[PDB]
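Below: the structure, in structure tokens.
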Amino acid sequence: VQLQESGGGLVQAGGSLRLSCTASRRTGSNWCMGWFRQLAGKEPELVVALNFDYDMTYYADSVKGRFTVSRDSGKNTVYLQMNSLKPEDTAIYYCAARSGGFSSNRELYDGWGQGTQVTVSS
Amino acid sequence: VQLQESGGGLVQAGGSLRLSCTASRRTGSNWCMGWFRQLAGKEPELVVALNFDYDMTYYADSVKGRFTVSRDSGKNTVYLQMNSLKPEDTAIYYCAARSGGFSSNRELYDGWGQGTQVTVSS
Amino acid sequence: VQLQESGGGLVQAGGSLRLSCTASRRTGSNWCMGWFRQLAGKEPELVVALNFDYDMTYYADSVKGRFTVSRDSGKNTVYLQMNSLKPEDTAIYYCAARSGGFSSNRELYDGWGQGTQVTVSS
Amino acid sequence: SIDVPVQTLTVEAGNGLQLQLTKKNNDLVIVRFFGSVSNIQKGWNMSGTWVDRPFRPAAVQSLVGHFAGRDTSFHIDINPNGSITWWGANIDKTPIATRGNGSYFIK
Amino acid sequence: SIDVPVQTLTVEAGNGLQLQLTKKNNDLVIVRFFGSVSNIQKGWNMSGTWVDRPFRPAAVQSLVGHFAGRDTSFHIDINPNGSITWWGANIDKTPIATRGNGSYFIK
Amino acid sequence: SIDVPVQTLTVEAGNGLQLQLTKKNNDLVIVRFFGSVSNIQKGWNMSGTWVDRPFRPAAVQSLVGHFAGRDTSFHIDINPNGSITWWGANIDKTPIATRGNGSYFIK
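These protein sequences, in sequence, are chains D, A, W, U, P and Z.
In my numbering, each residue carries its 1-based index in the first sequence increased by 31.
In my numbering, each residue carries its 1-based index in the second sequence increased by 31.
In my numbering, each residue carries its 1-based index in the third sequence increased by 31.
In my numbering, each residue carries its 1-based index in the fourth sequence increased by 248.
In my numbering, each residue carries its 1-based index in the fifth sequence increased by 248.
In my numbering, each residue carries its 1-based index in the sixth sequence increased by 248.
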């Protein structure tokens, strides 16, 4: 229900950046944690997600190969390693967590982060 | 009345002919309607059939790709569109409906039409 | 007395030798009868076996294609027909039987034979 | 522990497929698959014994089975009329061993 | 013979998949698959109606279904919160008929 | 509603496969598949805990399971002696997640 974010911020193009998100609780089965990408003026979209119970991931085609998501164990935490950052990746990234699998639909994501700005510069 | 047949008759070579068959009642699950092919003196054979519950079809090797069977909706009707009619396709086509899937056996087809003459001229 | 073994002995390289094994009783489902291979000094390993309930076999990579196992019916018997015998197949062969499938473990094999010396000379 | 009536039936469904049906409390049925299937097309009526009246369901029931030692699957339809429909892939002359537990209600 | 309470629920789970749930003795549920699944990726929440409260399990239940006329298989997760998770392969735009019987306990 | 005894057992079957059994009325058992199977050959005994006495059936039961995110499946045999036999395809070193609900009578 309650999430806390860390990392993000400004980064040179081609560079790297690491986002972290941990949940206070687990709401149920098929526990999923990831991030939503909100491009300025455009719609939010599920960019990255990890199913805890199945140890399986989903990647948006725009970030496939460049972005990686992994957890810890007794920490309830998910990491997002962002490599080869394009200028088009700059957005406010929201951490999201839910029970029931992956969803593109913002609604019934039991946790929704306050957001962390990721700015890509020269 | 179990079954009602319409269409058929006389047709030219390489031409086309349509056949219709409605049912008054459904006898159960895996509801199938189709047609049997009895050549002049030969042993009758299941030539075409459709499952209503599964939306799948059967075609005989000899008529594969030339014949097409379809339904509408609640009409409880099966339509047989025949194309590229060879002079060896001349037969009395019997309509048949059963609950239980596709069968080669004239056995139990709860509905058995009176038949309709189909002759192909050259 | 669970198992009774026969055959074996001295044979020329490239020649053939037959092993037999009958079981007094069946201990349950997934009933298997097979043979273990203990090379002088080395560890005993499952080399050949037949599941009665599934009519399916197992063969060790080294004896694949060369050795064959078949049963009878109302006999509870398994034959091992060994062909193309190599000088490296000189071992004591223990007949084995169990309920529960194939196992390399000298464990809950309910039947364990006293062995038979299979010798491949010049 | 509560005691309930138990009935038992073995059906040679045809094409090699064996069914072992156990009906407890005249409602819940657990079907066990045995034997080996062969020479059956998809959606076709199986060429053996129909399920006896006491074991017939009020509405159609699709029961999933598994081919032994493979990752492939099949399922069959027991129709209220007693007939069994094959709804796996087209199986040729080679028999494949068939196993599985499937349960259905009658009422 | 012992008679028991019987409750019924149909769920249009989404993506073409249809669920027919029968709950006997407020415990045993047999789900019957129907319809045709299409446009769904693995592990994704299904885009339709969730399972109603009286039918939700206490812990997650994986139910195995079969694709008619094929040797291919699938499973769904009915989560305690009522959501349905698709756990078969990714399916494109072409609908495939889905059948099978699965059972679970609620308590 | 009718009250019935409930017993619970988790079994580390070996090779990564985990079974959650629930026994109701000393008869009906539902097996829930969990974990990830790896390094196991077709027809081989699983290298772990055997099913405890109170959950052993009187006769061999085949339980179908499904591999997550794939269209492939397996089944296991619970033998009367408690041993679990693998009957899916041969699995290599890479583990595949295994789910499914299967049921069987003990009596």
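All residues carry an ideal CB built from backbone N, CA and C; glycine is no exception.
Asked, Found
"Residue 119 of chain D bridges to which residues according to DSSP?", "In the DSSP output, where bridge partners are listed per residue, residue 119 of chain D has none listed."
"Rounded to whole angstroms, what is the Cα-Cα separation between residue 87 of chain A and residue 53 of chain A?", "18 Å"
"If we call anything under 7 Å between Cβ atoms a contact, is residue 132 of chain A one with residue 61 of chain A?", "yes"
"Just to confirm, is the Cβ distance from residue 344 of chain P to residue 294 of chain P under 7 Å?", "no"
"Given a threshold of 16 other Cβ atoms within 10 Å of its Cβ, counted over all protein chains shown, does residue 148 of chain D qualify as buried or as exposed?", "exposed"
"Anything in the region 261–278 of chain P with a Cβ closer than 8 Å to a Cβ of chain U? List those residues in chain order, please.", "270, 272, 276 and 278"
"Just curious, the beta strand (DSSP E) that residue 40 of chain W is in, first and last residue?", "40–43"
"Between residue 265 of chain Z and residue 346 of chain Z, which are expected to be in contact by the criterion C-beta below 8 Å, what is the C-beta distance as a whole number of angstroms?", "6 Å"
"Does the region 70–77 of chain A come within contact of the region 310–328 of chain U, defined as at least 3 CB pairs closer than 8 Å?", "no"
"Rounded to whole angstroms, what is the Cα-Cα separation between residue 324 of chain Z and residue 256 of chain Z?", "20 Å"
"Using a Cβ-Cβ cut-off of less than 9 Å, list which residues of the region 297–317 of chain Z approach chain U; keep chain order.", "307, 308, 309, 310, 311, 312, 313, 314 and 315"
"Enumerated in chain order, which unbroken segments of the beta strand (DSSP E) with a length of 3 residues or greater are wholly contained in the region 41–110 of chain W?", "48–54, 62–70, 76–82, 87–90 and 98–102"
"Given 8 Å as the limit, is there contact between the region 303–312 of chain Z and the region 266–286 of chain Z, that is, 3 or more CB pairs closer than that?", "yes"
"Below 8 Å on C-beta distance, what does residue 345 of chain U contact in chain W?", "85, 86 and 87"
"So is residue 281 of chain U in contact with chain P if we call contact Cβ pairs under 7 Å?", "no"
"Nearest CA to the CA of residue 302 of chain U: which residue from U/273, U/262 and U/340?", "U/273"
"Please list, in chain order, the chain A residues whose beta carbon lies closer than 8 Å to that of residue 287 of chain U.", "Ordered by position in chain A, no residue passes the 8 Å Cβ test against residue 287 of chain U, which lies about 12 Å from the chain."
"Which value, in whole angstroms, describes the spacing of the CA atoms of residue 59 of chain W and residue 137 of chain D?", "55 Å"
"When the Cα of residue 337 of chain P is compared with those of P/252, P/315, P/251 and P/348, which residue comes out closest?", "P/315"
"One question on the structure: do residue 111 of chain A and residue 94 of chain A come within less than 7 Å of each other, judged by their Cβ atoms?", "no"
"Which partner residues of residue 293 of chain P appear in the DSSP bridge assignment?", "P/333"
"For residue 81 of chain W, which residues in the same chain have their Cβ closer than 7 Å to its Cβ, ignoring the five residues on either side in sequence?", "63, 64, 65, 88, 100, 102 and 109"
"Work out the CA separation of residue 252 of chain U and residue 353 of chain Z for me, nearest whole Å.", "13 Å"
"Can you tell me the Cα-Cα spacing of residue 97 of chain W and residue 125 of chain W, whole angstroms?", "18 Å"
"Alpha carbons only, please: which of A/91, A/85 and A/116 is nearest the one belonging to residue 130 of chain A?", "A/85"
"Using the C-alpha atoms, what's the distance from residue 127 of chain D back to residue 43 of chain D?", "26 Å"
"Just curious, the beta strand (DSSP E) that residue 271 of chain P is in, first and last residue?", "265–272"
"Give me the Cβ distance between residue 267 of chain U and residue 259 of chain U, rounded to the nearest whole Å; I'm assuming they're in contact under 8 Å.", "4 Å"
"So with CB distances below 9 Å, who are the chain C contacts of residue 319 of chain P?", "Absent from the structure is chain C; the protein chains it does hold are D, A, W, U, P and Z."
"Output the boundary residues of the beta strand (DSSP E) element that contains residue 326 of chain U.", "321–326"
"List the residues of chain P that residue 351 of chain Z touches, going by C-beta distances under 7 Å, in chain order.", "351"
"Please return the same chain residues whose Cβ sits closer than 6 Å to the Cβ of residue 355 of chain P, not counting the five positions on each side in sequence.", "275"
"Which stretch, first to last residue, makes up the beta strand (DSSP E) that contains residue 346 of chain P?", "344–353"
"Have a look at the DSSP bridge pairing and note the partners of residue 281 of chain P.", "P/267 and P/348"
"So residue 105 of chain W packs on residue 34 of chain W, CB below 8 Å; how close in whole Å?", "The Cβ separation is near 18 Å, so there is no contact."
"Please state whether DSSP places residue 304 of chain P in a helix, a strand or coil.", "coil"
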